[PDB]
Structures are given as C-alpha cells and as structure tokens.
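Spelled out, the chains give:
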Amino acid sequence: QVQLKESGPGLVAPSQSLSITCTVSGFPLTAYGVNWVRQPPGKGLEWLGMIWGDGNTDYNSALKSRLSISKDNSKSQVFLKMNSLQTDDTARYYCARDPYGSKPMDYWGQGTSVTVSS
Amino acid sequence: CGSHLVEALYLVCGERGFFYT
Amino acid sequence: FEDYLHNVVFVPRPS
Amino acid sequence: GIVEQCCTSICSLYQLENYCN
Amino acid sequence: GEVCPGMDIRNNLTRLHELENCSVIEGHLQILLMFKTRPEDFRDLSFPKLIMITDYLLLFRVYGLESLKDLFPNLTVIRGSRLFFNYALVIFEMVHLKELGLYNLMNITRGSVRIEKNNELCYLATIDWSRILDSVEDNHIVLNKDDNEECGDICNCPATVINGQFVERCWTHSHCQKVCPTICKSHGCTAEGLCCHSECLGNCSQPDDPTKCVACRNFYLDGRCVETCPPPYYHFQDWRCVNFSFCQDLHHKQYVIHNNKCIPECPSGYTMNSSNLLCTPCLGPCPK
Amino acid sequence: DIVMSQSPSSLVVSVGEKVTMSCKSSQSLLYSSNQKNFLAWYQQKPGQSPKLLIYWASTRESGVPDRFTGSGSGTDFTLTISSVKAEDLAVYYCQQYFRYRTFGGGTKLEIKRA
Ligand SMILES: *[C@@H]1O[C@H](CO)[C@@H](O[C@@H]2O[C@H](CO)[C@@H](O[C@@H]3O[C@H](CO)[C@@H](O)[C@H](O[C@H]4O[C@H](CO)[C@@H](O)[C@H](O)[C@@H]4O)[C@@H]3O)[C@H](O)[C@H]2NC(C)=O)[C@H](O)[C@H]1NC(C)=O
Ligand SMILES: *[C@@H]1O[C@H](CO[C@@H]2O[C@@H](C)[C@@H](O)[C@@H](O)[C@@H]2O)[C@@H](O[C@@H]2O[C@H](CO)[C@@H](O[C@@H]3O[C@H](CO)[C@@H](O)[C@H](O)[C@@H]3O)[C@H](O)[C@H]2NC(C)=O)[C@H](O)[C@H]1NC(C)=O
Ligand SMILES: *[C@@H]1O[C@H](CO)[C@@H](O)[C@H](O)[C@H]1NC(C)=O
Ligand SMILES: *[C@@H]1O[C@H](CO)[C@@H](O)[C@H](O)[C@H]1NC(C)=O
Ligand SMILES: *[C@@H]1O[C@H](CO)[C@@H](O)[C@H](O)[C@H]1NC(C)=O
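Rules used throughout
Residues numbered from 1 in each chain as written, not as in the entry; some residues may be left out. Chains lettered and ligands numbered in written order. Heavy atoms only, no water. Helix = DSSP H or I, 4+ residues; strand = E, 2+ residues; numbered from the N terminus. Rg over C-alpha atoms; globule rule 2.2 N^0.38 Å. Buried < 20%, exposed > 50% of the residue type's maximum accessible area, 1.4 Å probe, protein only. Near = heavy atom within 4 Å. Polar contact = N/O pair within 3.5 Å; in protein donor to acceptor, adjacent residues only side chain to side chain. Areas by Shrake-Rupley, 256 points an atom, 1.4 Å probe, with all protein chains shown as cover. Core = buried A, V, L, I, M, F, W, Y, C linked by side-chain atoms within 4.5 Å. Contact = heavy atoms within 4.5 Å. Disulfide = S-S within 2.5 Å. Buried area = accessible area lost by both parts, 1.4 Å probe. Salt bridge = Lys/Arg side-chain N within 4 Å of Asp/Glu carboxyl O. Nonpolar A, V, L, I, M, F, W, Y, C, P; charged D, E, K, R; others polar. Domains from an automatic or database assignment. Pairing = 2+ DSSP bridges. Axes fitted to C-alpha atoms, helices over the stretch in contact; angles between N-to-C directions. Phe/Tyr/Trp six-rings, centres within 6.5 Å; stacked < 30°, edge-to-face > 60°. Patch = residues over 30% accessible without salt bridge, like charges linked within 9 Å, V, L, I, M, F, W, Y side chains within 5 Å.

Method of structure determination, per the deposited record: X-ray crystallography was used for this entry, reaching 3.50 Å resolution.

Draft legend 1. Structural context of the overall build of chain F. When you go through chain F residue by residue, the secondary structure sums to 0 helices and 13 strands. Its helices and strands taken in sequence order, chain F reads β-β-β-β-β-β-β-β-β-β-β-β-β from the N to the C terminus. The C-alpha atoms of chain F give 14 Å as radius of gyration, which agrees with the globular expectation for 114 residues (13 Å, within 12%). A principal-axis box enclosing the C-alpha atoms of chain F has dimensions of 50 × 25 × 25 Å. By residue count, 47% of the 114 residues in chain F fall in the buried class.

Draft legend 2. Up close: the site of ligand 1. Residue and element names in this part refer to chain E. In the vicinity of ligand 1, the contacting residues are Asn107, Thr109, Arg110, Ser130, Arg131, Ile132, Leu133, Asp134, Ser186, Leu201, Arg217 and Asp238. One nitrogen or oxygen atom from the side chain of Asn107 is found 2.3 Å from an oxygen atom belonging to ligand 1. The contact in question runs from an oxygen atom of ligand 1 to an N or O atom on the side chain of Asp134, over 2.6 Å. Coverage of ligand 1 by the protein chains reaches 36% of its 930 Å² of free accessible surface.

Draft legend 3. Fine view of the nonpolar core. By size, the foremost hydrophobic cluster in this structure holds 50 residues, and its most contacted members are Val37, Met105 and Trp108 of chain A together with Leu39, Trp41, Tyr92 and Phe103 of chain F. Where this core is concerned, the elements lending two or more residues are β5 (46–51) and β9 (91–98) of chain A, β14 (219–221) of chain E together with β3 (19–25), β6 (39–44), β7 (51–55), β10 (76–81) and β11 (90–96) of chain F. Per-element accounting of this core gives the leading share, 5 residues, to β11 of chain F. Setting aside residues up to four positions removed in sequence, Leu39 of chain F forms contacts with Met4, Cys23, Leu29, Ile54, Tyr55, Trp56, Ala57, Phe77, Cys94, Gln95 and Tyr97 of chain F.

Draft legend 4. Highlighting the state of the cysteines. All names here are of chain E. Per the counting criterion, the structure on display carries 18 disulfides over all chains. One disulfide bridge connects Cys196 with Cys204, the sulfur atoms lying 2.0 Å from each other. Between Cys196 and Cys204, the disulfide has an S-S torsion of -85 degrees and is therefore left-handed. Just as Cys196 is buried, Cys204 falls in that class too.

Draft legend 5. Fine view of the interface of chain E and chain A. Contacts between chain E and chain A engage 14 residues on the former and 12 residues on the latter. For the pair chain E and chain A, the two sides together bury roughly 900 Å², of which 49% comes from carbon and sulfur. Considering only the surface of chain E that becomes buried against chain A, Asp222, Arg224 and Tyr233 of chain E emerge as the three largest contributors, covering 56% of it. Here chain E and chain A share 0 salt bridges between them. Where chain E touches chain A, the interface holds 5 residue pairs in polar contact. Classifying every residue of the side of chain E that touches chain A by side-chain character gives 8 nonpolar, 2 polar and 4 charged.

Draft legend 6. Spotlight on the interface of chain F and chain A. If you look at the interface, chain F gives 20 residues, while chain A gives 24 residues. Where chain F abuts chain A, roughly 1,600 Å² becomes buried across the two surfaces, and 59% of that area is made up of carbon and sulfur atoms. For the pair chain F and chain A, the number of links is 3 salt bridges. The tally of links between chain F and chain A comes to 9 residue pairs in polar contact.

Draft legend 7. Just the domain arrangement of chain E, in detail. All names here are of chain E. Entries for chain E in the domain assignment read domain 1 (1–179) and domain 2 (180–288). The partner domain 2 presents 19 residues to the 16 residues of domain 1 that form the contact. Here domain 1 and domain 2 share an interface that buries about 1,300 Å² over both sides, 57% of which is from carbon and sulfur atoms. Sorting the residues of domain 1 by area buried against domain 2 places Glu26, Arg79 and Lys178 first, and these three jointly supply 36% of that buried surface. The interface formed by domain 1 and domain 2 contains 1 salt bridge. As a salt-bridge pair, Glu26 and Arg240 come within 2.9 Å of each other at their nearest N and O atoms. Counting every contact that joins domain 1 to domain 2 gives 5 residue pairs in polar contact. Across the side of domain 1 that touches domain 2, the residue classes break down as 7 nonpolar, 5 polar and 4 charged.

Draft legend 8. Molecular detail of the sheet that holds β3 of chain F. All names here are of chain F. The strand order across the open sheet formed by 4 strands is β1-β3-β10-β9, and the pairing between neighbours is antiparallel. Whereas interior strands pair on both sides, the edge strands pair on one side only; in this sheet they are β1 (4–7) and β9 (68–73). Across this sheet, the average inter-strand angle for adjacent strands is 20 degrees, counted without regard to direction. One ladder, built from 6 bridges, connects β9 with β10; its direction is antiparallel. Each residue of the ladder has a partner; that of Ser73, found in β10, is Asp76.

Draft legend 9. The pattern of salt bridges, seen in detail. All names here are of chain E. On inspection of all chains with the given rule, the structure shows 22 salt bridges over all chains. Among the salt bridges present, the one from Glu120 reaches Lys98, with a minimum N-O distance of 3.6 Å. Linking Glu120 in the loop between β8 (112–118) and β9 (140–144) with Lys98 in the loop between β6 (87–92) and β7 (107–108), this pair joins segments that are 22 residues apart in sequence. Its relative accessible area of 36% is what places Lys98 among the partly exposed residues. One salt bridge in this structure joins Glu116 and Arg114, with 2.9 Å as the shortest N-O distance.

Draft legend 10. Spotlight on the packing of aromatic side chains. Under the criterion given, the structure shown has 30 aromatic pairs over all chains. On the basis of an interplanar angle of 75 degrees and a centroid distance of 5.2 Å, the ring pair of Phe236 of chain E and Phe246 of chain E is categorised as edge-to-face. In this pair, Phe236 of chain E sits in strand β16 (residues 233–236) while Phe246 of chain E sits in helix α1 (residues 244–251), placing the two residues 10 residues apart along the sequence. Accessibility expressed as a relative area gives 2% for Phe236 of chain E, which makes it buried. Given the relative accessible area of 26%, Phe246 of chain E is considered partly exposed. Taken together through their ring pairs, the aromatic side chains of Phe1 and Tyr4 of chain C together with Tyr56, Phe60, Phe84, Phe85, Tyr87 and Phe92 of chain E make up a single cluster.

Draft legend 11. Broad picture of a nonpolar patch on the surface. A cluster of nonpolar side chains, namely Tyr4 and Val8 of chain C together with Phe85 of chain E, defines an oily patch on the protein surface of about 230 Å² accessible area. Positionally, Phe85 of chain E belongs in the loop between β5 (77–78) and β6.

So this is what it looks like as structure tokens:
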C-alpha cells in the first residue's frame, strides 16, 4: 500500500525559506530512501537530493547546499527545507521513494506546487 | 589408526581437554 | 575425508 | 598433521599429547 | 539480533552460551569433541535466535546429543561461502544422534552434505535434500543406522519422488519438511503456499515484502534484502552491505577493497595501495 | 557529479510505429560487482506523476508493456517503444543512480494524426 504525499506551503515570498513535509505509508523509512525532485511548469525533472535509510544524505550541488533533508522514522515523515527561494525556484516538488540496492525511484507522490512571488 | 586416533587422543588429554586457536 | 577432518579439526601445541 | 604424524606414520605417546590443554 | 563471528566449541558446553544473543553467524559453527556430555545437559538447551550460518555447520563427536530440533530450531540457511572440504553441513561420528531435526532448514546455498558414521541416526530417508541443495550428486550420506533398513521412521507430509517411488517428507515424528510450490523457487512461502518476496531466501513472516524475509537471497542492508549493494556500500562476506569506514576499521587490526567488495586479501595480479585500502594491479611482477 | 543529456528534445510519430530516444552520461554507469548499468527510465504522462518503467538499463518493471525496451551500456543508452499506442504520449526521462541521482533533460513524445 505504498503512498507518499507532500504538504507544502503553496506560496513562498522571495528570500524566504521553503518547508515541505512528505508523509509516507506502507513502508518503513528505516529500509528505504526518499528523494526530492522538482519540475518547473512545462519543464523537465531536476533531482534535488535524497535521504537514505540510515539518515545519511546526498544533495545536488547545483542547490548551493541551500537544501536540508531530515526525517522522523517513527512518524513516517521526511522534511525538505530550502533557504532563500527566488522566482526560479517556482516548481512542483515531489518526494519519491527509492529502494536503493534493488530499485530506482519506485512510487512518487502527487507533488506540491510552489510559487515564489509577493 | 583412523577413528581410533580420536579415541587414542581422548585416552591422552582426558580432563585437560583438546586444543584450538 | 576423516583423513582431512582430523588435520583441520586437531590443532597441535602452540610451539 | 596428526594424520601424517600417526596414520601415514606411528605416534609416540608424547607426539600424541601435544594437541591437548 | 547480533551478528556473531565464526565459532569453535570443544570439550565443555560452557562456551556454547556465547551464541545466546545471535541471528547470523558470520563464519562457521563447529561443535565438537564433547566426550562427557549426557542427554540431561541438552534437555534445557536451545538457540532459537539462530537463522543463518554464512560458512558451514560441523557436528563431530558430541556425546548425549539426540536431536538438533531444540538446539537449532530456526536455522533456515547455511550459505556455504567457505566450506569444510566441499561440505556446508557435516554430521560425523555423532554417537547418540537419532535424528537431525533441522525442520527450518530450507536452503544450503553453495556446498554439499556429509552425514557419515552416525550409529543411531535415522530420519534421513525421510528428507528430500533436492529441496535444499542444488547438487545432491556430491552428498555423502553413509554408514548410519538408516543404512540397515530398520529405522522405524514415522511421520500429512508432502511425499515426493526420489527413486521411482513417492516417499513422505519429514524431519521428526512431529515435524514435516516444508515444501513450497516450484514457482516459489528458493524464496520460500507462507503456510498457505504464498510466495515470499524474490529477495527472500527460504521463509518470510509476510509475503511480498523484502523487509519481512527470514533470510536474504542476495545481500542485506538497512533492514532490507537487496539484489546488490549500491554505492557507496561494499559487499561483505557475500551476504551484507557495509560502508568504507567499517571495512577500514576491520583492516586497522586485514581487509581490502576490490570490485566493490570488502575482502580479506588482494587477488592475484594486484597489490594493496595503502592510503585507501584499494587493490591496484601490478606494474610488472607483484611484490614478494 | 554525473551529468545526463538526452536527444531528441522532442519528436512526433504515428500509432503503430517504433520509437527510439537516447541518453548520455558524463561517466560510466556500469557497476563492476554485478555487470549492471545504474540507469533508469521514467515515463511522465502530462499532468500526472512520473512512473518507473526500466531499471538496470534493461530490466522492465512489473506491469510495464513489453513494448518498452531499454538498451545501452556504460555511457550511452536508449529507450525503445515497439509499437506506439495513443496513450504512450508523455515525456521520457533517464536517471542515473550510480553516484547520487541525476535526471536528464527529458524527451517529449507527440503523436502524429491529421
Ligand atoms: C538455494 O538458494 C539459492 C539462491 O540463493 C538458489 O539458487 C542458486 O543460487 C546460486 C547463488 O547465486 C547460483 O549459483 C551461481 O550460479 C552462477 C551461474 O553460472 C555461477 O556463476 C556462480 O558462481 C560464482 O559464484 C560462486 C558463489 O559465490 C563462486 O563460488 C564462484 O567462484 C563464482 O564466482 C554460482 O555458482 C545457482 O546457480 C542458483 N541455482 C539455481 C537453480 O538458480 C538454489 O537453487 C537454492 N537451492 C534449492 C535446492 O532450491
Ligand atoms: C558506517 O557503518 C557504521 C557501522 O554501522 C553498523 O553496521 C552497518 C553495516 C549498518 O548495519 C548499521 O545500521 C550499523 O549500525 C556506522 O556506525 C553506526 O552509526 C549509527 C548512527 O548512524 C549508530 O547508531 C546509534 O546507536 C546508538 C546506540 O549505540 C543510539 O543511541 C543511536 O540512536 C543510534 O541508533 C551506531 O551505533 C554506529 N555504530 C558504530 C559501531 O559506530 C557509521 O555511522 C557508518 N559510517 C559512516 C561514515 O557513514
Ligand atoms: C570447563 O569448564 C569449567 C567451568 O565449568 C572450567 O573451570 C574449566 O577450565 C573448563 N575446562 C577447560 C579445559 O577449559
Ligand atoms: C545476552 O544479552 C543479555 C542482555 O541482558 C546479557 O546479559 C548477556 O550477557 C548476553 N550474552 C552474551 C553471551 O553476550
Ligand atoms: C517461517 O517463518 C515464520 C515467521 O517467522 C514462522 O512463523 C514459521 O514457523 C517459519 N517456518 C515455517 C516452516 O513456516
């Protein structure tokens, strides 16, 4: 019953931070990784980073490590935080599971749309 | 000497036991 | 194979 | 080896001690 | 539970309790040369936590031991990464053993079985080893009570064909041999015959879940059975994924990295670059 | 950091025809320890979330039509659709999961009809 869902703020004022909670169900965060991917309107996919079962992380250096991924295993929640958003950070943000040693990103959240403006 | 060696060895060690590392 | 067994299984003196 | 010491050979009751403790 | 290292238990039962908190033995298990033990010493002795041995199991000259059903009730896999002269399971000169009773043993990955010179040993003709080993050609099961024809073996059990006749499949008078449909392969199944996940080996607590395996077909990482160790992890003892730091800690008192494996020694043609544990090939002949 | 690049950026084909799109990685994705390529292909129908089609460059995900075929090794890869259906319309991406995970720019598939 694998499910992932993002809870985003919808709007971010330029220079403010973006916080998104990914709530997952049907699997344990201790045994799977969770990645974040974004898609600007009508554009491609950009891999942002991921958090492994052990809590170790990998971040896309293009984000100038403005990005933080943490989690709470007991609450099945994964937290994305990104510092000082600008207009070009406007995109749909997805949390996706990845079963690391066995498969690539199997099971994607519906995604949450983020608009950066005042 | 075959199986008897295991037995012959027991005659010898006894209480003291066998050896390993 | 008792032959093989006996050698691996029976550890001689440290010296 | 013990095989080589007491089968393809003959073991002195000391030779045969060695492997104990 | 814990990963314990290979053990070698001799003379006294005292050291046997070192296995008490253990799930996997990473190495072999040898229990031998116990001349003064009696059945009463084993009436109250059990290691239900043991699920798997990576190398081999050897029982030799253990007096008073009549069955292994209470000692290793949950042992499911013997991987056979290292073997005792081609064997992953050795039962030799086990005076007093009346049955094996390893009713949870589903798979012997790698080696063969040698069960020889066991006066009293029955419940051997009742075991279908073809469900456990790919190769039964190299099994050597001789000189047991079973050879004489007068083992009163008594078993509901899934009888299978070995010669030209169907023969009942059981481990003891109270335990059948588990058989899974051929379609489950070696993954195991539930009581209802539902296949375990393809990354499981032998058995699972729930079907179709790689975090619910009793043991792994391939490798183990972060609670899960995986096909391969992904980077940045290394394949260790041919059953688990470890990080560089673990392999390094081992080495520093002698483990090396080669082809994404953390291994005891460099293979032929290679020498160990010292600063990063990595096997590099030889510029001309190798050091000696 | 591994860079991924895909071609074409887009193309159009009619129903029934075979289609091939490529993916390139700045570094080899072929894993020594098992002889597997750490590459995946995803399909994203418009307005929907992406879907895993192929992993290990050639292994088809369960519930994926035999129409989809992944090929290539090392640094050069291709995705093939062996008889396009009306609903195969979508954007295709390749992802490397050798070191970290990175997506290519994607290829857009359009369908030809009058
Ligand atoms: C018991 O479970 C196993 C699954 O874990 C099951 O399948 C067998 O798995 C083994 C291990 O993967 C397979 O053996 C390999 O086969 C390949 C194919 O040619 C060989 O190249 C392999 O050799 C390499 O690896 C060895 C082991 O690490 C090395 O010793 C060797 O030097 C090589 O590097 C290896 O032999 C085996 O083929 C499958 N068998 C089948 C039928 O798929 C096994 O079937 C289960 N037992 C039963 C009876 O169900
Ligand atoms: C490399 O791996 C080591 C060893 O970790 C152990 O073996 C691995 C193969 C996995 O199976 C691990 O799950 C397993 O722990 C890592 O060391 C371990 O790190 C974790 C934290 O990430 C430690 O866990 C803590 O344990 C204490 C109790 O001891 C709790 O209070 C904490 O809440 C937490 O659970 C673990 O103790 C630690 N073990 C040792 C022996 O150091 C290590 O993190 C990793 N190295 C790198 C650089 O990534
Ligand atoms: C056997 O166990 C006893 C304790 O019960 C111990 O004193 C003795 O040293 C052991 N024997 C050997 C030879 O190790
Ligand atoms: C097993 O674990 C218990 C935990 O309370 C401990 O007391 C005991 O000493 C452990 N045994 C071994 C052999 O480590
Ligand atoms: C298989 O594993 C399950 C879950 O741990 C257990 O209940 C069962 O006894 C095991 N063995 C068999 C033969 O089903």
